[PDB]
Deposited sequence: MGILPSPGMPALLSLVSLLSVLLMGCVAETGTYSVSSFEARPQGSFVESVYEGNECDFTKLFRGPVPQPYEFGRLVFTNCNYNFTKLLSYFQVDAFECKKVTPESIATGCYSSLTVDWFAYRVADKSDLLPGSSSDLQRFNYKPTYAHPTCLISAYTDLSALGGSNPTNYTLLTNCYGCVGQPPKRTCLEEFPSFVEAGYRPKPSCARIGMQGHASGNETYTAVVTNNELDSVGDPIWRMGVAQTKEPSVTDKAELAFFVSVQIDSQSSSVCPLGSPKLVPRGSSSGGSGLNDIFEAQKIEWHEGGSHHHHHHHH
């Protein structure tokens, strides 16, 4: 969990212990659980994680209507789960710290092929709880992150074909934000 670049909300990591020991690498800003108490966690284990901002921790909470849980990542809470939002310097642990944070703010379908392709905001593409965003939505976030553009808009296709063999197009917007904590990696973890 401490190696390589930190995954973004639209490409979150998935990996399937001493609970206290793990909570000694990060400074915790917020902590909450659902259908469980942290004492029981300590006394399969699945960890999902991604880069996020601690300033925006209010969006990680259940009941949120924020973009994060609409287009990027949403928990199912089918099983006992705890939410951790914390920060650390990953470089000293064999990893690397992010320079900015990127999330999808919109994604929606398009009908027809070029030059007659028409994109409709009325057909939103939401992420299913417990699942990753569509390959064509994920593509937008990736290009957005690496574009050097605070607001990035694009129409892409990513090996998604329909029933007649035609490309499936999707349009969306990615937003890039600055770090809130100086010289630290800000991460969100969902542990179930």
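Stretches of the deposited sequence absent from the structure, as judged by C-alpha coordinates, are 1 to 60, 77 to 81, 109 to 112, 262 to 315.
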